[PDB]
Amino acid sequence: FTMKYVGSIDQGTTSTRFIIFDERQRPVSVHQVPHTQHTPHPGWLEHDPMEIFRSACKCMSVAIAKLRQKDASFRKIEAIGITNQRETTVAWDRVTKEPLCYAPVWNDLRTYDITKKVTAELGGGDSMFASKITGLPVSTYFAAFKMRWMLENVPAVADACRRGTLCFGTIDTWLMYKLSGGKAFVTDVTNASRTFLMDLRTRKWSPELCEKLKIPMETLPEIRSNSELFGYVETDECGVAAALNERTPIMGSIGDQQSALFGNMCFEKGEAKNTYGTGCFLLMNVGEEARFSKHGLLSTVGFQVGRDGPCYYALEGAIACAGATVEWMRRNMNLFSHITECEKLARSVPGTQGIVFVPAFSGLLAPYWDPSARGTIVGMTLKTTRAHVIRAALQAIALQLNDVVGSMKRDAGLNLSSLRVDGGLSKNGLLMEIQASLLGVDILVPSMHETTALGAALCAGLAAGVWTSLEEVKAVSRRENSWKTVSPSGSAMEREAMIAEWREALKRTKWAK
């Protein structure tokens, strides 16, 4: 008949974007809007929920209008998916339809005290005590402790709970709620596994944990899968219902990192993806039976297509300062001026010439979690230059990623075929080359990199019949979107030495608790 279009709302930490994809999985229109990073106290971070909602409406409004110019024919989007910064938690009132306060963000640290209380009083000192249930350890990261914090610290959230009018939700839940004009109150499986309130295997709330954590189960959305009807766009903000033309269904919702796992087509077990952002997130499909880590890695839902579809599980590892380390060398240290210079400088020298740079600015994590680890450089000499330091920082990222994959490989009980990679630092050739060398697998860099956004459109398109199967979805990707492989070149000696040098380096990073 004619060209069909699916919409993705990509709700991130620093901004909101809306992207329209056509049926050949190509993004044809985009708009982006930043929202304000509220830091009321040191280590705290909150976002304005209404600002996020509007950013989303505006993005939808402009992308549509721009597409209308490119294709005077376009009329309707078949369905819209949402992908979102996870763990961030919105508190709101069922009837005023308004937020009770600003949403604490996933990396916010206000809940540190509640976090000690939980592991001591509830876990007897074991921070992993609920890990066979949720997949997670206790930390400031997860939704639940944000909910507790709002209950304990914000009068409005208190009354509203008493009155039986309190809604909690992650950003997918808030968005779907406000988009539908208060009609939908749902969350998908990937997002709900980041709350600390969901049994990972059954995919249902945990009465046990909501009791002990004292979150009143009536405050929580219905859980669903990543691909099925959530509701429709009813709303009029920024004139969106009118910008869409027919009633538009919402048919995809999925956490950003899992979305990137899905948009990179990591459909079978052992298939993995790393997103280099600020920021590194690595996820591996472990298959249909959930696996639990003996190394501190997270167990989480990878994705579930359909009310009745199979739930695939993931192991997840993170690095905090990846693209942040490059920004730091640039903006904080004046080691170079324009992002271009980073790779050029690191390839200017043959190697790091005895130095290690451990950029644990925010602590360690991964499979060696250490909060007191700090940014460290060792081994310098009067021959050491900034180009060694830059290459060192790039090596450290890849070596942390190596320890993570190495942990995953043992926890899942399987191997890594290859690593799909997206985000900023994957535009860095030297980074990818060192990474392949260490891992010893091929690394695939996608030309169309809007992968996180795509995963959401995939979920919504599959539900809406735009695509019929994972099979079709892959075949379209294979046809439409070229790739670039980076293979290992590491001569097996160089690799193993570099790891033991890095081993030693890690011993010198403990700084201050």
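Under this definition, the rigid core comprises the largest set of C-alpha atoms superposing within 1.5 Å between the forms. Residue indices: 1-based, along the sequence shown.
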property	result
Stretch with greater C-alpha deviation in 8 other deposited structures of this protein, 168-176 versus 373-381 (rigid core superposition)	373-381
Between 203-211 and 355-363, larger RMS Cα displacement in 8 other deposited structures of this protein after core fit	355-363
Higher-scoring stretch by recorded Cα B factor average, 493-501 or 21-29	493-501
Stretch with the higher entry mean CA B-factor, where the candidates are 372-380 and 336-344	336-344
Highest-ranked of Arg68, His38, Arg54, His35 once sorted by CA temperature factor in the record	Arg68
Candidate residues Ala242, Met284, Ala318, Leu399, the one whose C-alpha B factor the record puts highest	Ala242
Among modelled residues of the same chain, the CA temperature factor third for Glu87	lowest
Ranked against its chain, the third holding the CA B-factor of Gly123	highest
CA B-factor placement of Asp411, once the chain's modelled residues are sorted into thirds	highest
Record-listed C-alpha B factor of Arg110: chain third	lowest
Cα B factor band for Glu472 (lowest, middle or highest third within the chain)	highest
